[PDB]
Protein chains: 4
Amino acid sequence: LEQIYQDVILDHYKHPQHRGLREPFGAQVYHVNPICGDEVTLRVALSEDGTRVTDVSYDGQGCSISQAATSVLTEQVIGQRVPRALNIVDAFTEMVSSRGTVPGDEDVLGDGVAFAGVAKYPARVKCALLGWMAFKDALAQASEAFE
Amino acid sequence: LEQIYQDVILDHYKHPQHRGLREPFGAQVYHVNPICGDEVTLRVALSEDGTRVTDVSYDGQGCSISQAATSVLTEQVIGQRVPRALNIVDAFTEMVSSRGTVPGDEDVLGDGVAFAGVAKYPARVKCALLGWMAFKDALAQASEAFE
Amino acid sequence: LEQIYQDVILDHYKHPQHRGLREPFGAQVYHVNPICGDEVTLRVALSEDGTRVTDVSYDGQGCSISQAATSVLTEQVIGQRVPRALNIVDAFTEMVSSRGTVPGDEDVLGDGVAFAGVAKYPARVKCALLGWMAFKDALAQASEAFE
Amino acid sequence: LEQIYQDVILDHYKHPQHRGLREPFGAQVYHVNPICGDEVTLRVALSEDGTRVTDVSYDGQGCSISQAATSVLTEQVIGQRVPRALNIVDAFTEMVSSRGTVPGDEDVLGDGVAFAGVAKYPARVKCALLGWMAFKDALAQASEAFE
Ligand code: FES
Ligand code: FES
Ligand code: FES
Ligand code: FES
């Protein structure tokens, strides 16, 4: 299982989904971690009626875990209705910041469950969160067009 | 109209007017958007008597909308007397931050009216403003030589 | 002695030990000196039981003294039990910030004693500390996994 | 005179004296202008007894005026006793920030008098000061070794 999770992370690190900034988009955010210095620029696009995430595009520098996590994020939320995307994000963030007491559900997170073991390394939690909290922020800002 | 405005923006994105920093100049400003991380460095030059904008030069990174908007800015204000430039800037900023309730006048703004639809996307308003507020700031600073 | 210490520093500057960021790791820190503008990104890896420093990897820009000091740091602490690493760091920092009144012990510091003369140049003390305080910070953060 | 001063500035812009960071040095400072975004990294070296400026080395980005001014700085202060360097700096800064009421003396400043006309452009005063205030700061820090 430990070895399987490693393979998931390597798969997403080497074969990132949805990498590189694209247009169109509703909101861009730039998040820089104040501790490790790594950064993500992330864009969200919504459908015409604002109900679905139609694109998530991103660039930046980080460790393999943060790059893998942002890859997994895009695969889980693109095409999803906004409330569902938010639910996935809350599930992921609950899991990685639970200090190992919340295992995560693969039916919700998919490959996202591969980051369960990060929860037991406090200084690496930020790596899993960088892209996901950038998404939460960008999704909120893009959604303002539809309030 | 929606399709026409798209063409204006693409025209200015692909064929930017007045791009690249030049000398001489009266003031340079560096503006970085704290949300999206994009930036503009912008210079203003005034005539010998300080009554006309003789140059606006710029560099930086941004989305296609912000780059297009800065291109349009330069075309509208270069050669203009300072009070007129200020009037154009106020008209543009009124338009893009009106949430769609101010359509903008093409006789004042020219191609600037192509950014009317941005007003309905709160998270993209910053894109239209980046270069224009840099200009307002640089013009004010360059004008201090003539008070 | 003055000439010998110069050779140590040049040796580590030209032939850096352990340079370049590597995986795996427990914590990364990014430290930027607010005065000179130089920076280090530094990673620490601990053993499975968290008792030994198994890796220290780093990148960044600095003067030859700061680059040499980070090289020496890695050679002194990699393979060491955590309490011993901390003891070496405290000895080094005591030495360089003592204004020359603490000569340092080569049995503890090894090549680290070559930085004794830096202590008499207040504005260069930061150069010796940059990598060492980055290590102290990263080691502390990596250790949180084992509390 | 206006045309002569232009030639001085162009001469120093195209043929900078003492450009590029060098070792050894006593202090490095990194100054970033908060308005225009330009920056200088500047090093000072003093003699063994701390009485003379033996080197000033620098790098960074700026307009032609700021680059020319830093070039002129190095030519005026390198080889000078510290109190004399300070006197030159105070004379230069008095001149450029006097709003044109202090013409500057060529026997003190040399080519530095070419920046007299900058004083009448408030937004360009920062350009003349960037390198000179970096020097004042670095000289002070390097001098701490000799208090
Ligand atoms: S160490 Fe910076 S995001 Fe992982
Ligand atoms: S998203 Fe940064 S200026 Fe448009
Ligand atoms: S001058 Fe910056 S680390 Fe030495
Ligand atoms: S405009 Fe930045 S130093 Fe001159």
Side-chain angles (χ1 to χ4, degrees), chain A residues 21 23-43 60-70 118 121 123-131 138 141-142, chain B residues 31-40 60-70 118 121 123-131, chain C residues 21 23-43 60-70 118 121 123-131 138 141-142, chain D residues 21 23-30 41-43 138 141:
Chain A
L21 290 176
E23 286 182 354
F25 65 94
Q28 178 175 300
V29 302
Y30 177 57
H31 285 196
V32 181
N33 185 283
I35 303 298
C36 70
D38 292 315
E39 63 171 50
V40 70
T41 302
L42 183 145
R43 294 174 171 177
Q61 59 153 50
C63 60
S64 74
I65 287 189
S66 69
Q67 296 184 44
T70 308
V118 177
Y121 295 95
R124 300 307 303 280
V125 168
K126 62 172 69 72
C127 308
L129 289 177
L130 178 59
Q141 289 187 42
Chain B
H31 285 196
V32 181
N33 185 283
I35 303 298
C36 70
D38 292 315
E39 63 171 50
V40 70
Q61 59 153 50
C63 60
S64 74
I65 287 189
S66 69
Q67 296 184 44
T70 308
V118 177
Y121 295 95
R124 300 307 303 280
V125 168
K126 62 172 69 72
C127 308
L129 289 177
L130 178 59
Chain C
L21 290 176
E23 286 182 354
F25 65 94
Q28 178 175 300
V29 302
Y30 177 57
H31 285 196
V32 181
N33 185 283
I35 303 298
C36 70
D38 292 315
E39 63 171 50
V40 70
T41 302
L42 183 145
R43 294 174 171 177
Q61 59 153 50
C63 60
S64 74
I65 287 189
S66 69
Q67 296 184 44
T70 308
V118 177
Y121 295 95
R124 300 307 303 280
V125 168
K126 62 172 69 72
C127 308
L129 289 177
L130 178 59
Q141 289 187 42
Chain D
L21 290 176
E23 286 182 354
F25 65 94
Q28 178 175 300
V29 302
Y30 177 57
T41 302
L42 183 145
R43 294 174 171 177
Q141 289 187 42

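When reading the values below, keep in mind they use all heavy atoms of this one structure, side chains included, and skip hydrogens, waters and symmetry mates. Below, chains carry the letters A, B, ... as their sequence lines are ordered, and counting in each starts from 1. As the structure lists them, so they are numbered: ligands from 1, and atoms in each ligand from 1.
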Worksheet item: Once you round to the nearest 0.5 Å, how far does CD of B:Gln67 lie from CG of B:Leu130?
Response: 10.0 Å

Fill in: C:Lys126 NZ to C:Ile35 CD1 distance, which is reported to the nearest 0.5 Å
6.0 Å

Worksheet item: Counting distance only, does the side-chain N/O of B:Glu39 pair as donor-acceptor with the main-chain N or O of B:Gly60 below 3.5 Å?
Response: no

Worksheet item: Counting heavy atoms only, which part of A:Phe25 comes closer than 4.0 Å to ligand 2: side chain, backbone, both or neither?
Response: side chain

Worksheet entry | Polar protein atoms near atom 2 (Fe) of ligand 2 [N, O or S; cut-off under 2.8 Å] | B:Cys36 SG, B:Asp38 OD2

Worksheet item: Are C:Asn33 and D:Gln28 close enough, and set up right, to give a side chain to side chain donor-acceptor pair (under 3.5 Å), and what steps lead you there?
Response: CA-CA 11 Å; C:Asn33 185 283; D:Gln28 178 175 300; over 6 Å; no

Discussion item. Once rounded to the nearest 0.5 Å, what's the spacing between atom CG of A:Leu129 and atom OG1 of A:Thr70?
Written reply: 10.5 Å

Worksheet entry | Residues that A:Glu23 engages under side chain to side chain contact (heavy atoms under 4.5 Å, CB included), provided they are two or more places apart | A:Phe25, A:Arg43, B:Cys63, B:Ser64

